[PDB]
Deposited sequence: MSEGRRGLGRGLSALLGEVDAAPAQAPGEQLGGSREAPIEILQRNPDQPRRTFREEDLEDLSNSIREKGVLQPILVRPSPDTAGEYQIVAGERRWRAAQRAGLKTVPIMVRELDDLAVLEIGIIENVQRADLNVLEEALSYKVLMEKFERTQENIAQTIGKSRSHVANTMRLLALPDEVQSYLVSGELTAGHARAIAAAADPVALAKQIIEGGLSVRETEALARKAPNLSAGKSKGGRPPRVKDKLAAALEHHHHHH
């Protein structure tokens, strides 16, 4: 890990516009984990960030003249890929955003579930079940982000026919996940 001026690092225009909560950044600012960089295609002696955009922003706030980088050369697709795998590992994301990240890793980057799981540190089951939530009706996906349903609830009624009817039953009756599992079990499937 080489020391580098904070001036000569730049964010990746290609990988989507990451925004971070002021609170989280003010916290980090106030708090020596190297930033993963690669030689800048735009400049010559400058580096581009592949991972650690938060700490970079935090270091700027903390007023450091020079910040620890760790360089490695990397295809534009590899930097897109690491960008998504980093974003998932952040605990900020919600389950639908998390599922999309898994779908994109699997489609556009031809990764196996088992691959994604090993990479992101969860289990394959989890990766699989998370993605399945994208198959749910819009109505049911609304309840997931509103908070009216939990992942556990939604996942247990994914395989049912007329999930919306079960979701309504769950909310009205304030049912547990265990209860919904028994409900969906004795209901037809599509």
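- Stretches of the deposited sequence absent from the structure, as judged by C-alpha coordinates, are 1 to 33, 65 to 70, 230 to 257.
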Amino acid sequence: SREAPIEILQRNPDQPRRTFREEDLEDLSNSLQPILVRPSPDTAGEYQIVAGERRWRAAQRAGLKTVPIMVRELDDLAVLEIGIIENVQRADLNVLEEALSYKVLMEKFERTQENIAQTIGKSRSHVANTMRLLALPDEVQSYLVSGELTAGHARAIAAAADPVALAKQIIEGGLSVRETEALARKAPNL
From here on, numbers count along this sequence of modelled residues.
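- Taking the PDB entry as given, 63 to 71 carries the higher mean Cα B factor of the two stretches 63 to 71 and 125 to 133.
- The stretch with the higher mean CA B factor, choosing between 152 to 160 and 54 to 62, is 54 to 62.
- When the modelled residues of the chain are ordered by C-alpha B-factor, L36 sits in the middle third.
- When all modelled residues of the chain are sorted by CA temperature factor, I49 is found within the middle third.
- Among the modelled residues of the chain, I120 sits in the lowest third by CA temperature factor in this PDB entry.
- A184 sits in the lowest third of its chain by CA B factor, as recorded in the PDB entry.
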